[PDB]
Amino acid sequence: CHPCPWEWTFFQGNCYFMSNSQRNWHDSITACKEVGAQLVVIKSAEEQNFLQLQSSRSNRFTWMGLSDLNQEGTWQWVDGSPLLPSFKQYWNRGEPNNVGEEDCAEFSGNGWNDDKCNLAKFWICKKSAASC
């Protein structure tokens, strides 16, 4: 038994998969479901800080499970949950700007950015860690 699958990362009871290949936003959702997970939905500042740190060091644009596809300007997590006021401090300066229609969120540098959902980027899946 192992709390997390090979190549995954453990943090506060959950396992994260930082992909080494790229996919557009929708295909990233599917990629995570296929491994019993979900395109990362952040539920805490602690989690956000942990993820942001790993992603900035990776120097890779990375998708998260957040979008405003349904209603422009209203960002919602893939778990149907709404983006809380306390998390809006994480957007990069000048973001989200919806330039050229950007409805999917990614980790970019030290914060978040909204980008075109059809662009291929790395992605992070999240699932609960096993105990033993």
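Just so we're on the same page, rigid core means the largest C-alpha set that superposes within 1.5 Å between forms. All residue numbers are counted from 1 along the displayed sequence.
Note on 105-113 and 5-13: with rigid core alignment, C-alpha atoms in 7 other deposited structures of this protein sit farther from this form for 5-13. The stretch 90-98 shows the higher mean C-alpha B-factor when 90-98 is compared against 25-33 in the entry. When the two stretches 14-22 and 107-115 are set side by side, the higher mean Cα temperature factor goes to 107-115. When the C-alpha B-factors of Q52, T74, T62, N59 are read from the PDB record, the largest value belongs to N59. In the deposited entry, the Cα temperature factor of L84 places it in the highest third of its chain's modelled residues.
Sort the chain's modelled residues by C-alpha temperature factor and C132 lands in the highest third, per the entry. In this PDB entry, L69 carries a Cα temperature factor that places it within the middle third of its chain's modelled residues. When all modelled residues of the chain are sorted by CA temperature factor, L39 is found within the lowest third.
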